[PDB]
Amino acid sequence: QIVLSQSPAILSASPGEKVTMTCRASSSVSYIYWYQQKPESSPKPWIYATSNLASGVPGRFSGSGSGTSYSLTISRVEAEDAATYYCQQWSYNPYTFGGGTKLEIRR
Amino acid sequence: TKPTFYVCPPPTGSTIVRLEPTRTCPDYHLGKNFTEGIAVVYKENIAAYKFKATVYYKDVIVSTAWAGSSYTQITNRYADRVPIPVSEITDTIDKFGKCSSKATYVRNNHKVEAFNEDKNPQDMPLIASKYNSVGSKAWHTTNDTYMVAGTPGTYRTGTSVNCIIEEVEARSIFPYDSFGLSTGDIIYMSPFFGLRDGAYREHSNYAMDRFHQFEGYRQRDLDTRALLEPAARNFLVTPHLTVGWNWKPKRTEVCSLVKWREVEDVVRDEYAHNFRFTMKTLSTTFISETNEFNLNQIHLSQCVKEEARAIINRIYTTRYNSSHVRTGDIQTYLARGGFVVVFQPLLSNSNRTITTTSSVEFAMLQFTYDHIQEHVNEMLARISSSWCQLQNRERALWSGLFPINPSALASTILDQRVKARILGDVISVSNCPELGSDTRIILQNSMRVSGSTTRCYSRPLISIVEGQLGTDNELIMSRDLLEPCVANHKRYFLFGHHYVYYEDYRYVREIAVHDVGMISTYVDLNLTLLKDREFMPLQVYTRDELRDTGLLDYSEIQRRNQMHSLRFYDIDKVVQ
Amino acid sequence: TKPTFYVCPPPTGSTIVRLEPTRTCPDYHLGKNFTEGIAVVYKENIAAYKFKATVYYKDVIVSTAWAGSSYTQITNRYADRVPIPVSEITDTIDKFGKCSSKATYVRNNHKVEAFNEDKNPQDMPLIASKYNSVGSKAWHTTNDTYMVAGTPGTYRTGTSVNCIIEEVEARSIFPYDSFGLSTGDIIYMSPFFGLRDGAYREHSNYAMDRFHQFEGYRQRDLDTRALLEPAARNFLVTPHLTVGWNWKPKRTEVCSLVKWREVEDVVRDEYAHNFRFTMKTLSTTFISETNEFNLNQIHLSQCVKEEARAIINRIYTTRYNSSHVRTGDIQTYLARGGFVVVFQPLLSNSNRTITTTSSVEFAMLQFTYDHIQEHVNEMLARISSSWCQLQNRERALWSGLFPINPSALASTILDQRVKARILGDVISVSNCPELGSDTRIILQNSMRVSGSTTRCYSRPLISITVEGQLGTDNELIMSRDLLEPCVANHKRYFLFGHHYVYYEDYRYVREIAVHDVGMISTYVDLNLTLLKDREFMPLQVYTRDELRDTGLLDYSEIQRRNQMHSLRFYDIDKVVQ
Amino acid sequence: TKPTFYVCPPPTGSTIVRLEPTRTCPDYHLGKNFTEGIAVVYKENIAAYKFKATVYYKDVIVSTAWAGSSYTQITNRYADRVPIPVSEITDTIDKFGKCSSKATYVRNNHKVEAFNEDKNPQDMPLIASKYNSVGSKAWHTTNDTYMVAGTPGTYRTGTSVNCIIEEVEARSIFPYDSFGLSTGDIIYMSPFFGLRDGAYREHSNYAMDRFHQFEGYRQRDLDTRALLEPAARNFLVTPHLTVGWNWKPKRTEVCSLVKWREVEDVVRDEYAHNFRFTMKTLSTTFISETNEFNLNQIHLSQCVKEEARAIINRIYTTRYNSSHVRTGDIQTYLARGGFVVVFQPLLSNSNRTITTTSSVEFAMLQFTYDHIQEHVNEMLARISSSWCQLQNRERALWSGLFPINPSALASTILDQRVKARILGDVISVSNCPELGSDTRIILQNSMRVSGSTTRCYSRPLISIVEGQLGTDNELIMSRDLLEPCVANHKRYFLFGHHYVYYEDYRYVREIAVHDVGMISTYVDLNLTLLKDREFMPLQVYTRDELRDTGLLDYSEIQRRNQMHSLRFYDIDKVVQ
Amino acid sequence: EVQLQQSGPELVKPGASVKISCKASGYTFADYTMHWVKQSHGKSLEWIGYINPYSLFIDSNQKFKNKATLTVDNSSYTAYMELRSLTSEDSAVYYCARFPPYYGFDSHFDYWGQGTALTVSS
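Residues numbered from 1 in each chain as written, not as in the entry; some residues may be left out. Chains lettered and ligands numbered in written order. Heavy atoms only, no water. Residues with missing side-chain atoms left out of burial classes, pairs and counts.

## Description of the overall build of chain A
- In terms of regular secondary structure, chain A is built from zero helices and eleven strands.
- The C-alpha atoms of chain A give a radius of gyration of 13 Å, which matches the 13 Å a tight globule of 107 residues would have.
- Referenced to the eigenvectors of the C-alpha coordinate spread, the extents of chain A come out at roughly 40 × 25 × 25 Å.
- Within chain A, contacts between residues separated by at least 24 positions form 55% of all contacts whose residues are at least 6 apart in sequence. (Helix = DSSP H or I, 4+ residues; strand = E, 2+ residues; numbered from the N terminus. Rg over C-alpha atoms; globule rule 2.2 N^0.38 Å. Contact = heavy atoms within 4.5 Å.)

## Comments concerning the nonpolar core
- Among the nonpolar cores identified, the biggest contains 134 residues, and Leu181(B), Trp245(B), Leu181(C), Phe179(D), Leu181(D) and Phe109(E) are the most heavily contacted of them.
- Setting aside anything within four residues of it in sequence, one finds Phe179(D) in contact with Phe51(D), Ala170(D), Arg171(D), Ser172(D), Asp185(D), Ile186(D), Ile187(D), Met189(D), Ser190(D), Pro191(D), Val243(D) and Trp245(D).
- Formed by 117 residues, the second largest nonpolar core is a distinct cluster that contains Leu390(C), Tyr369(D), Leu380(D) and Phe535(D). (Core = buried A, V, L, I, M, F, W, Y, C linked by side-chain atoms within 4.5 Å. Buried < 20%, exposed > 50% of the residue type's maximum accessible area, 1.4 Å probe, protein only.)

## So, the sheet that holds strand β37 (residues 517-519) of chain B
- Reading across the sheet, the four strands line up as β37(B)-β2(D)-β27(D)-β26(D) and stay open at both edges, with mixed pairing between neighbours. This sheet does not close on itself; its edge strands, each paired only once, are β37 of chain B together with β26 (421-422) of chain D.
- Where β37(B) lies against strand β2 (residues 16-19) of chain D, three bridges are found, and the strand directions are parallel. Within the sheet, the bridge partner assigned to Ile519(B) lies in β2(D) and is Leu19(D). (Pairing = 2+ DSSP bridges.)

## A closer look at the relation of the copies chain D and chain B
- Rotating chain D by 120° and moving it 0.1 Å along the rotation axis overlays it on chain B with an RMSD of 0.3 Å. In symmetry terms, the pair is related by a three-fold rotation axis. (Least-squares fit on C-alpha atoms.)

## Considerations on the interface of chain C and chain B
- Opposite the 140 residues of chain C that make contact, chain B presents 120 residues.
- Both sides together, the interface formed by chain C and chain B hides about 12,100 Å², and carbon and sulfur atoms give 60% of it.
- Between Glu44(B) and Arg544(C) there is a salt bridge; the shortest N-O distance is 3.4 Å.
- Counting every contact that joins chain C to chain B gives 48 residue pairs in polar contact.
- The element that contributes the greatest number of residues to the side of chain C that touches chain B is helix α3 (residues 361-401) of chain C, accounting for 24 residues.
- Taken together, the residues of the side of chain C that touches chain B break down into 66 nonpolar, 42 polar and 32 charged.
- Where strand β1 (residues 16-19) of chain B and strand β36 (residues 518-520) of chain C come together, three bridges link them in parallel fashion. Paired with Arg18(B) across the two strands is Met519(C), which belongs to β36(C). (Buried area = accessible area lost by both parts, 1.4 Å probe. Salt bridge = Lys/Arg side-chain N within 4 Å of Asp/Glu carboxyl O. Polar contact = N/O pair within 3.5 Å; in protein donor to acceptor, adjacent residues only side chain to side chain. Nonpolar A, V, L, I, M, F, W, Y, C, P; charged D, E, K, R; others polar.)

## Notes on the environment of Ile519(D)
- Of note, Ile519(D) is situated in strand β38 (residues 517-519).
- Residue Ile519(D) is classed as buried on the basis of its relative accessible area, which comes to 7%.
- Setting aside its immediate chain neighbours within four residues, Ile519(D) contacts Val17(C), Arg18(C), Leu19(C), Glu20(C), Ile413(C) and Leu414(C).

## Looking at the packing of α3(C) against helix α4 (residues 406-414) of chain D
- Contact geometry of α3(C) with α4(D) gives a least axis separation of 9 Å together with a crossing angle of 175°. One finds that α3(C) runs roughly antiparallel with respect to α4(D). Contacts from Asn392(C), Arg393(C), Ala396(C) and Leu397(C) in α3(C) reach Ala408(D), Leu409(D), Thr412(D) and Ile413(D) in α4(D).
- Looking at the contact of α3(C) with α4(D) residue by residue, the class counts come to five nonpolar, two polar and one charged. (Axes fitted to C-alpha atoms, helices over the stretch in contact; angles between N-to-C directions. Parallel < 35°, antiparallel > 145°, perpendicular 65-115°, else oblique.)

## Some points on the sheet that holds strand β8 (residues 69-74) of chain A
Residue and element names in this part refer to chain A.
- Strand order across the open sheet formed by four strands is β1-β3-β8-β7, with antiparallel pairing between neighbours. At either end of the open sheet lies a strand with only one pairing partner, and these are β1 (4-5) and β7 (61-66).
- With six bridges joining them, β7 and β8 adopt antiparallel strand pairing. Within β8, the position partnered with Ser66 by the bridge is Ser69.

## Some thoughts on the pairing of strand β3 (residues 18-25) of chain E
All names here are of chain E.
- Both strand β1 (residues 3-6) and β3 contribute to a ladder of four bridges, which runs antiparallel. Note that in β3 the partner of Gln6 across the bridge is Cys22.
- Where β3 meets strand β8 (residues 78-83), six bridges bridge the pair, whose relative direction is antiparallel. Its bridge partner lying in β8, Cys22 is registered against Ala79.

## Observations concerning the domain arrangement of chain B
- When its domains are assigned, chain B resolves into domain 1 (35-45 + 256-370) and domain 2 (49-251).
- Its C-alpha centre places domain 1 of chain B at a distance of 48 Å from the equivalent point of domain 2 of chain B. (Domains from an automatic or database assignment.)

## Quick notes on unusual backbone geometry
- Residue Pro94(A) follows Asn93(A) across a cis peptide bond; omega there is 0°.
- Assignment of secondary structure puts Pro94(A) in the loop between β9 (86-89) and β10 (96-97).
- Non-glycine residue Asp118(B) carries a positive phi angle of around 55°.
- In this structure, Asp118(B) sits in the loop between β7 (110-115) and β8 (123-125).
- A positive phi angle, close to 65°, is found at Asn473(D), a residue other than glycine.

## Things to note about the interface of chain D and chain B
- Tallying the contact residues gives 122 residues for chain D and 143 residues for chain B.
- Overall, the association of chain D and chain B removes approximately 12,200 Å² of surface from exposure, summing both partners, and the carbon and sulfur fraction of that is 60%.
- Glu545(D) is the partner of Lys43(B) in a salt bridge, and the nearest nitrogen-oxygen pair spans 3.5 Å.
- Elements that contribute at least two residues to the side of chain D that touches chain B include exactly β2, β5 (72-83), β21 (274-279), α3 (361-401), α4, α5 (543-546), α6 (554-561) and α7 (564-568) of chain D.

## What about the state of the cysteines?
- Within the structure shown, the criterion is met by 17 disulfides over all chains.
- Bridging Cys99(B) to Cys163(B), the disulfide has an S-S length of 2.0 Å. On the sign convention where negative means left-handed, the S-S torsion of about -70° between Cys99(B) and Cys163(B) marks this disulfide as left-handed. One end of the pair, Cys99(B), is in strand β5 (residues 98-100); the other, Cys163(B), is in the loop between β11 (158-161) and β12 (164-172), with 64 residues separating them in the sequence.
- Bridging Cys255(C) to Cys303(C), the disulfide has an S-S length of 2.0 Å. Taking the sign of the torsion about the S-S bond as the criterion, the disulfide between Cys255(C) and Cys303(C), at about 130°, is right-handed. Separated by 48 residues along the polypeptide, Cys255(C) in the loop between β18 (242-246) and β19 (257-268) and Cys303(C) in helix α2 (residues 303-318) bring together distant segments of the chain. Residue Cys255(C) shares its accessibility class with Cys303(C), and that shared class is buried.
- By sequence-ordered numbering of the bonded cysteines, chain B has its disulfides arranged as 1-8, 2-7, 3-4, 5-6, 9-10. (Disulfide = S-S within 2.5 Å.)

## Some points on empty space enclosed by the protein
- By volume, the largest cavity amounts to about 200 Å³.
- Lining the largest cavity are 13 residues, and of these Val376(B), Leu380(B), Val376(C), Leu380(C) and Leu380(D) lie nearest its centre.
- Those elements giving two or more residues to the lining of the largest cavity turn out to be α3 (361-401) of chain B, α3 of chain C together with α3 of chain D.
- Among the elements that make up the lining of the largest cavity, the one with the highest residue count is α3(B) (five residues).
- Classifying every residue of the lining of the largest cavity gives twelve nonpolar, one polar and no charged. (1 Å grid on protein atoms, 1.4 Å probe; cavity = no way out; pocket = protein on both sides within 12 Å on 5 of 7 lines; lining within 4 Å. Points joined across faces, edges and corners; volume = space filled by probe spheres on them.)

## With respect to the side chain of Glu88(C)
Residues and elements named next belong to chain C.
- Relative to the helices and strands, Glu88 is located in helix α1 (residues 86-96).
- For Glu88, a relative accessible area of 11% corresponds to the buried category.
- A distance of 2.8 Å separates the side chain of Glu88 from the side chain of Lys58, its partner in a polar contact.
- Ignoring sequence-local partners within four residues, the contact set of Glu88 consists of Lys58, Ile93, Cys99 and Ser100.

## With respect to the environment of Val62(B)
- Assignment of secondary structure puts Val62(B) in strand β3 (residues 49-67).
- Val62(B) sits in the buried class, given a relative accessible area of 0%.
- Through-space distance from the C-alpha of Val62(B) to that of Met147(B) is 8.2 Å; in sequence the pair is 85 residues apart.
- Other than its neighbours up to four places away in sequence, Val62(B) contacts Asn76(B), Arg77(B), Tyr78(B), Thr157(B), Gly158(B), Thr159(B), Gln73(D), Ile74(D) and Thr75(D).

## Points about α3(D)
- End to end, α3(D) covers 59 Å across 41 residues, agreeing with the expected 60 Å (1.5 Å per residue, within 8%).
- Burial analysis of α3(D) places 35 of its 41 residues in the buried class, the great majority of the element. (Expected span 1.5 Å × (residues − 1).)

## So, the pairing of strand β3 (residues 35-44) of chain D
All names here are of chain D.
- Among the ten residues that make up β3, eight are buried, leaving the element largely enclosed by the rest of the structure.
- The pairing of β3 with strand β20 (residues 257-268) spans nine bridges and is classified as antiparallel. If you follow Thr35 over to β20, its bridge partner there is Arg268.

Set out below in structure tokens:
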């Protein structure tokens, strides 16, 4: 029941700049992860081990943080990123996903 | 010497005394508001945390021969210990009971293989070593070791790879962030490390690529060829071997305090701002100040209270069932000297770490002194009370007897030959000085009043002044002691140092003092003191004898091995 | 305050008493049927068994150089220590003081040779090391080490073989089935292994080809160049070195119990199913149950009885020769705390292993308590006897004096102002109540009988209106029946309330306060003082941290700083593709 | 039972006695000529002399790889630690924070060089280690390790040279001729060896070409890149490394004695050839001999008289400023057990080595026994004195009452029913035998004289022989006790075991003895003995628990390592 | 490559039962744990439980301790999730996801099913 609050609910972003996302944990977790989901689709393994980019993601992405704070910044936001970013952990039974965010382009 | 005689003048009614009023008897209010109960005493746990683990390593040996003319010199033997990777442990060892012949590992930041006998790899079965007594298990694959010779004048190179599994006995001390094995290997990780339930908080030094944690992992028992019960198992890949140990949570494994001695019957006294837990079966007494002691000040003190309640409820059941009843929940006191006393009171039917001293004979003395000091003070109080009661009853004897012989009784009190009178209800005294020398003392002959036959004297007449004798060398100036002149008149009289005997109011003889036998009003009491002692420093074992029990001494061996090249080689000369 | 006065009514013969008959004095039979003698106390031998041995090995070093342009880099140095075989010791060293130069040994289950300096084998002599003090001796053959350079761009290979013999100090602990040398080598054989006396039954891990036992062997002393005395000398060939040591049988070398303290005079008491061995020179007392203790239960216990009889028959000779006689065989007791007390009595002419505690200060307390508890109980018995004898004599004073003044004496016994009579041989009492309120006490003036001159009163008359006279200690007689001849110089005091009213010649004079009159004391002082309370601090000469802070190197400390040499100074994480 | 009767014959004037005179009272003149003062107790220093040093070693590894077809095998890895030569410390490290890449050293009596990565030498900088916590600092140059593979079927060979500097904790024990580093490397030299202050006479095994002492030398602090203060810094070139430490003279660093406990107040007693240092705050008493102790019999005793003057002058300042004054210099006593007691006397305004025992519980027993033995002897002296004073005062009650009733009093002294008289100033006694059976006794009725009315008896008449009754079962043979015949004659008399009541000189009844109530002249005194105790050998930690506090046990590791080749390989077979 | 075929859409009356399969293809099936999640209609993601196909070890979220049960067909290499005592609130797209047996830092849900969809009505 380790609640993980992805502070930003909907993160608007003019395409080209940098943004940030937070996953805030109640008690600490060794490793937060990240998963995105384009709508009407399956989620995708996106960031494992809090900084490792997954096999087959753009290098513009960057996740960081430790303890109870965990960040996620895109270096250059692209319009191909309108996803639903969940933060995830397995340190405590039951595994708990975040509330999720939702990107927005500005056009 | 010369005999002493006393002269009593006619007493002057100036000096007046009365007998002091009875003194009030003091009451030593001895007695302690105590409380009996049950106690369990904890001490500092100093033993290392012992648990069992399993090392997994292969053994790579490269031998380089040189086939000579008629011999075979070995020019090199590089031996190394490499870890078995955990993909091979879970898929080959624990599934089947075999181990591969190829040794894949990493040295010098490169990825290296090596083959047993330089053949193709096989999964060779693990065989129990021949020294598997219980307490040290192992399983290897190859009793052999491979090297070849080749043609004369040439070199060759063999390679032996031998999979090895050993049970070990790992071991870790406070604050539990490293554990050493039974093969001399320090592992720089807490034994309680893990990736779940907050265990990542524990200390580590290895990169996180190396750690691997399983749940429900049924480990293969290589002897019975069966699988054990499921348990959560860790695996760690050191640069030389692979440790695998079953994970257990910290909270129920280590403990700062361990049980020393449960006590069925203590007595909790109360001094000024201190308690005393007198433990009369152990002959021991601990002292705590009157506060409680919250054990949450201490690291890892969560096994003391709950374990104590399981013990006290046994004792209160099995001994104090019908006799007593409890008086609230248990109380924790920090005893002086580093002991922790968990104490449950009774009643009749009517952060940091604690350091414990290495000797309790301060506390046996505290009992031994208090057992004597309580008993001596009780008896010395009973003397003084009964002494005061005696003297008060004795006073009535004195005041009852002063109308009989006033002078002799008052003389004993004042330590001085006085001459007292009773003027109603008081005592009027008068001193009696010594009679000096140059005085002729003439004892008379007859005690008869001259002329009057039926009237005779009572104590003998003297001729100094023509007076008569008193008593205890008192000399009466007059001659007033008269009596009816009674037959069978047989008297003695003390005179100087000779009892003078008269018969029928006439002189007969004298007789010395020590000729007359004595009866003793004194009551003996031979009280004898205590002797002085010297307690010597008796030590069962010296410090040298307590360091002389090991098979080897590490500092002693290294003082001899590390001068090997100095003793047996000339290191100073160089060659141009 | 108001002075309290007492009225004694006319007595009635209802209540009777009699002085209690003398009580019986108790006897404290304090004294112990003891038996003194001689005792020797053994403790657990915890020390390791120590003996001296010898190692014989050849040091084989293979160096590989690579001559560069202007240097000479060593690319390998394989050091190895090979054993000297016993056919080379018994035939070359002990016959000539020489060792060979061909190292014949076995590695990898192959028969391997090595030549010092790659030359032919010679028998080089054994030369003393430069650090031969006493205790640590050695002999070797070569101060040098051989390597060669060669032409540049090439590798060359040297070989140094160096015979080495050391005197070592072997060492073994219980149950004596392994012994470690002073070169840091565990040898997995019991030191008492042999071929005779069933010593072949002892523990061993090595095969019997590696063992050799030679009776009457004559080891060569390498400095005197002589031969030593014949003795049975073992030889064990490990895969690194050859160990020789002179064989000595097991039952005369090790011992579970070593002597702690011989004691010239003990005292054996007889408590409830226990003995006490009061050792008053050591200030120490041991307690043992009444049975014997058979030392055949304890492993390796053949030295206890013999080494004791050699000691007791010294002490019985040298001190107790004339004065005391022996009373049987020596006796063995297991003292509490794990001590073995071998006790020989005297008389005047008229399978397991013992673990002993690390502190005898429980026994010094047991002595110190029993030295006081003997003594105070002896002194307390003499008080209670002599108190009881005192009170029994004092009754004669009371019983003799009760005809004189009964009411004074009976009042002190009953703690109550009473009025007694003597009805022959008993005492009949009568309680005296106080004087109440609202009552005037008119003290009279004269003590003279009105009408007579030669007859005058004995105590002062009073007016209560009731016409009585004054008694003693505020007693108020309700009559005036105290008469006397009218004696001149009638100087009398009388206690009246809080005033000693003085009469002279049977008339009033004055009064004076009580505390004006001086007092003499029948009381005898006794200033007994209690013991105070003490708090014993736990004093320690050395802590546990100091007792581990004495050695030159700590093994666990060096290994914690060793085995992360690779982690600190090298990056073991990264790989190279 | 039969009541016992006594008959007193008329006393014959043979036996005479006189009451014993007063006995002299012993004066237990207890008291000790004591001397209070301030004491400081030293014990044997057993700790190792710890100082900090700095190793300077390069690290040379030569790795040889055999490039296979589809893998790579490392055939040889030769690891070696070579010293940095002391020119390179003074001219490169302490000048620029750099260490060269070329390794110049000496092996096998030849001069040998080796290069990192086989390149040209570079002065690579010194980088701090990644594990620099406090207490363990180190610096190095290369996080890497070099090896190459080459074309398949071939051997290649690479070299890694890694400069390493460590702050270590050196450590040295008595007699200070070695010091062991924290890397396990014994150095065979005293830590006080130098070239000045004769310190060159200290023990050393190396040749003097390896030693280099520099005065005013300034070590470069590698983190802050600055130069430390000047101090004389040694350098020794071992065949594996280079120790460098700051030289300090021997007499200001080591010490055979160290302070155990200061004491603010003692008391020095004066036994026979012994002193007693009663330390009542510590509950401890030390015993010496009356001679002083010359500390120059002990090696390395320079600290004590210097340091103890700093302490006693503090205490005498802060506490005894107004009330006390000294009485000379401090003194030095060797207390029993191996303690050194430095005692400064006060007064009010009115060669070998010491070995100290591992326990002071003898001295607490020395104090606890002395504190009881002092007190119990003081009270028992007061009992004996006040007893002797009591019995002397009691004599006057005895001697004053003997004229009244001599018989009952003399019967109490002699434990024997006697008949006594007062013949002037002495006592004539006579034995009263019993009266057994074969005798009838007729108790009469009338105590009146027959014929008379105003004359009556004093005690009742018996008829055995026509006599009369006495007191305490005496049977008077005559009938002489007569008196004026007084009305209301209500008297009781003891008769065997019956009290007989008469009213008006005539019989009425009898009554049993225990029917008549009693009053008690006995004063109670309930003294109670001490019990017997047994003191169990209570130990907080066994010797097993004291040896089980370490992470690794060296003998236990070696008993499992040194049969590694026995367990996992066959060493008996050979191959032809 | 790795493919997780899943049972596809399903409508069901309340109180009934269902059995959703997650057929795997592209890897050795027996050494990869198979999890299950629930994503409600537009809501967030919730973990359910998993099953080890080798040792038949099961964890589950205790909020789903009675709704679901899990089993594995050894033969066809599928993982079944059977739901008993259905409610209306279970109207949710489900998933199945592969996950390593070891809890290492390299352990994430690296392959998801396409997502079956279950609705509960009449």
